[PDB]
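Q: A structural model of the following input is requested.
(chains A, B, C and D, ligands or ions: 4)
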Amino acid sequence: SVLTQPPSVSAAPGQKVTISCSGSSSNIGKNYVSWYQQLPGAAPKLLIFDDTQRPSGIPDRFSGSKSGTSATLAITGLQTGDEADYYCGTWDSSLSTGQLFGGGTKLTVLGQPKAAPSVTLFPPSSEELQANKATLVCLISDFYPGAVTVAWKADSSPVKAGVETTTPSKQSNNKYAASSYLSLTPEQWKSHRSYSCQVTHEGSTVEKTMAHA
Amino acid sequence: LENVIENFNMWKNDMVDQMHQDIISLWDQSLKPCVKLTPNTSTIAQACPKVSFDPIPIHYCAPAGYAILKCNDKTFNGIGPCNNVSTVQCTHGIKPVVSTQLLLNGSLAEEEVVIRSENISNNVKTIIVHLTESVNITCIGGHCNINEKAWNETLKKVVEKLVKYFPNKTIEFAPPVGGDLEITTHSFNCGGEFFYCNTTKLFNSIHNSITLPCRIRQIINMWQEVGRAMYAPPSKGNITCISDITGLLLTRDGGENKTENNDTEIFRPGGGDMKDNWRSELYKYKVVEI
Amino acid sequence: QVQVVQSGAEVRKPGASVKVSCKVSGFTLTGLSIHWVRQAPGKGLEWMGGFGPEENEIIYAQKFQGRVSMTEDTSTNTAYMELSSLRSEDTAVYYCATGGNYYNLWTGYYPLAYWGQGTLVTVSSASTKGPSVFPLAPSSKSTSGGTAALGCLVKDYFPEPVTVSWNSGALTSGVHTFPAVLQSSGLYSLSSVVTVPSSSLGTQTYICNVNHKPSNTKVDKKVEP
Amino acid sequence: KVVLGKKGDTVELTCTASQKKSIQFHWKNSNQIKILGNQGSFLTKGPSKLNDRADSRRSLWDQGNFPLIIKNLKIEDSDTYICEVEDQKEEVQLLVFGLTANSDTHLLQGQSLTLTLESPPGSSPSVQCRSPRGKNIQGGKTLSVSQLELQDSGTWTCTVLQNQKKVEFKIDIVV
Ligand SMILES: *[C@@H]1O[C@H](CO)[C@@H](O)[C@H](O)[C@H]1NC(C)=O
Ligand SMILES: *[C@@H]1O[C@H](CO)[C@@H](O)[C@H](O)[C@H]1NC(C)=O
Ligand SMILES: *[C@@H]1O[C@H](CO)[C@@H](O)[C@H](O)[C@H]1NC(C)=O
Ligand SMILES: *[C@H]1O[C@H](CO)[C@@H](O)[C@H](O)[C@H]1NC(C)=O
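A: Numbers count the residues shown, from 1 in each chain, chains lettered A, B, ... in the order given. Ligands and ions are numbered 1, 2, ... in the order given. Provided below are the atomic coordinates:
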């Protein structure tokens, strides 16, 4: 009852790239596949419909194919402009279920040389302890490609509780920065030797440790 | 009204095409969909008349100088040389119901139960099954009631009849394998509401060797032309239909071999060619001059 | 021209219905025309319902079956959708979808050709609450290159649009304010962070301003190393 | 009368009536087993193995065109099929062939490529493939390049020939 496509894709500004979505004879083999392009924070647009048919105003760089129980989206001459997220749609016959969407993929084109994250971590405010809440603020800044992942650790012992994170962001200099927050009552803040925020960027990790003591 | 011998072919009766047309017009005037979508797409949105059709009967009478003939023999298969013939000024009152897998508020064959096809042996063709003893269908939306009791006796007449066309054979009532919802289920018109029954449930019987779950739907395909017609929604909470059944439309698989070594024939309901409903009432009637 | 317009963005208490309009210009909506799709923040497309190969239904996916009603009036040429009995997960962006300039006798087959701007619904426990502001003191951690970071932590507030300025707009360089993060409290939280030269810090003082329309409160707070 | 359809693809068989008029028509496979037929306006699926992914185009019927479409094609689906209209028998032979690579992806040098052709029960299969390069190697039943190259990446095309018709499978390559 569900379609799968990859969660991520990337390419150079000259280069060709493809995104492939696969399902079941119950959805796709039977029915048409149409594709949707979604730009930064904009409503999704129909990039492709009826397997291979491109609507007006799409350029010829875009193409589609369908075979077996999977369908493929194709891109050429990829542009800085083409960055966006693409979703594959198929109407489905089985059970009730109706129209179905794959999760979709986020496609990114690299406009930059790889950039390391710069990390500075901040301590709970005096005023804030005073108000009986303590928030550690982690700033992850000046890095590219945008995707980044973070985690928080006390005495290098994982805490998965009490963590919220902002997804990567554009920044005034066209590099991505993002923020991670950890909160606990000063009851906790006071007791451990130290707290640490760490950033994994592209297979590699740069880390900062802050201690109450 | 003397004895003479002529051939009547219900399958090629020129009037049914007319009568089928007359029904299409009666419909344009009476139940006008708010929306017709047709193949660009030609479409018009209008405010609907909301006037129900409550089956007014129609007479196609012979025009000027043309006679309507009736066939005398008590039981007549669809294509046959008819031994005895009368002549009539008008076709009789006809109640036109647009129906599938069931024929409604109709005419009953008097002595024997008769099956008519352009070819019966034809592996392909719709089968009329004109019936001797009738049954009652009452529905409320909700559920539909067909007597449990009526079916076991009727099993008998059929078990008695079919074998005689197809001897040394085993018979299946099975639901329709594929196709549209109107064909799949029993399409019919009561009070400006269009009804489907998953009657897939009703024929579940096999041979010799009960409540229907109806749906009320406001968007419907047209029998009239190819496409969808949309009709506006319902003002009253509860609706009453009493109908009486005089007949069936049927098809069976064949399959022509493949060491299935099947004893069997599977007959499934059928319908959707409107002209066949028109045909079961009109088969006796013929139009000629001199 | 062809257009789709969705009604203004709206806020709801769990358990209350929400109803969202669509107006379409450039064609007459067939009545089989419209599908409602909504996107969670941070998440992919989820299809709520629309018309199907079963005729009586304009059909809704299972999660939404108890609660949701979809409509098109062929005459006013607009479509309305209600989702009732609201959940925490339901905040998402609801999109109105339409097919057209296509032959849809098939009706089963049209593409989702025109898309609306999107309309937003967020469902929450909270009622309007002002922001509370604490300062991030430039840290030991903050200066390399003679430059360091300091900022404001904007904490625990509702009705989401909150805004940031430093020196009431006098200082606009090397200033970045983060996307907001929504707390388990049911309250959104925001931090605005700017990095500055060390030489600047003894001599220069900084004020960040937080403005919040819903809250209808404004705070300016100075962050002292 | 023969046409060929690629595996997994969608293929259409054509039926023609005498005047551009709707006619009740119906469809059959090599055994006289029913796929799709119509009643006036409405459509129905026969109890054949095929019934779903058996569908025809509605718009056409007023002209008198009553096609049969088999989609998500399978090898076993190759059959001789017969459409009946206004007492006429029209027939078409349909064969399904499929090409496949030895494994899913990312093949690198000295490593070898095998293409195999699955042909439906009882049929002749010969293969021509032009390399992205264009060196043409005529495998016939399977095609193998014993050791792989740089030249070889990119998309190249094979041709299968039956009943004097050719069908194209092209295989994309990563080396
Ligand atoms: C049905 O078609 C004709 C109609 O009379 C009949 O002669 C024939 O026996 C049947 N078809 C066959 C030979 O299977
Ligand atoms: C059959 O008789 C009932 C009596 O109330 C009537 O309402 C109904 O219209 C009839 N069925 C049809 C639709 O011919
Ligand atoms: C309803 O009818 C369809 C027709 O084939 C059948 O597959 C299904 O089992 C039926 N289900 C119910 C509700 O009995
Ligand atoms: C349907 O009408 C019945 C009487 O026949 C009435 O008792 C009931 O209120 C009805 N539905 C409603 C709630 O209007």
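
Q: please tell me how far residue C:62 sits from ligand 2.
A: Noted for residue C:62: a distance of 36 Å to ligand 2, by Cβ to the nearest ligand atom, to the nearest Å. All C-beta spots, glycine's among them, are computed from the backbone N, C-alpha and C.

Q: state the number of residues packed around that residue.
A: For residue C:62, the count of nearby residues is 12 (other Cβ atoms under 10 Å in any protein chain shown).

Q: leaving out the residues flanking it, which one is nearest to it?
A: residue A:96 (6.5 Å; Cβ to Cβ, 6 or more residues apart in numbering or on different chains).

Q: now do the contacts for residue C:138.
A: Residues in contact with residue C:138 (Cβ atoms under 8 Å, 6 or more residues apart in numbering or on different chains) are C:148, C:149, C:150, C:196, C:201, C:223, C:225.

Q: one more pass at 10 Å, please.
A: Contacts for residue C:138 (Cβ atoms under 10 Å, 6 or more residues apart in numbering or on different chains) come out as A:120, A:122, C:147-151, C:195-196, C:198, C:201, C:206, C:223-225.

Q: where's the closest residue to residue D:21 other than its chain neighbours relative to residue C:147, distance?
A: Leaving aside its sequence neighbours, residue D:21 sits nearest to residue D:64 (Cβ to Cβ, 6+ apart; 5.1 Å). Look at residue D:64 and residue C:147: by Cβ to Cβ, to the nearest Å, they are 80 Å apart.

Q: just to revisit the earlier point, which of the contacts of residue C:138 lies closest to residue D:112?
A: residue A:120 (54.3 Å; Cβ to Cβ).

Q: export whatever helix or strand that closest one lives in as CSV, just CAs?
A: Under the criterion of DSSP states H and E, residue A:120 resides in strand A:118-122. Output of strand A:118-122 as CSV, limited to C-alpha atoms (Å, rounded to 0.1, in the frame of the first residue of the first chain):
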residue,chain,number,x,y,z
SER,A,118,31.6,25.8,12.7
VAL,A,119,30.2,25.1,16.1
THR,A,120,29.8,27.3,19.2
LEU,A,121,27.7,26.1,22.1
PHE,A,122,26.0,28.2,24.7
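
Q: and that strand, what's buried?
A: For strand A:118-122, a neighbour-count test (16 or more other Cβ atoms under 10 Å in any protein chain shown) marks A:118, A:119, A:120, A:121, A:122 as buried.

Q: who's in contact with the first one?
A: This means residue A:118. Contacts for residue A:118 (Cβ under 10 Å, 6+ apart) come out as A:139, A:140, A:141, A:142, A:143, A:175, A:177, A:199, A:206, C:144, C:149, C:195.

Q: rerun that using 8 Å as the cut-off
A: Per Cβ under 8 Å, 6+ apart, neighbours of residue A:118: A:141, A:142, A:143.

Q: now the last one
A: For residue A:122, the contacting residues are A:136, A:137, A:138, A:139, A:210, C:136, C:137, C:139, C:141, C:149, C:151, taking Cβ under 8 Å, 6+ apart as the criterion.

Q: ok, now which ones touch the residue nearest to residue B:61 when sequence neighbours are not counted?
A: Distance criterion Cβ to Cβ, 6+ apart; nearest residue to residue B:61, sequence neighbours excluded, is residue B:90 at 4.0 Å. Residues near residue B:90 by Cβ under 8 Å, 6+ apart: B:59, B:60, B:61, B:62, B:68.
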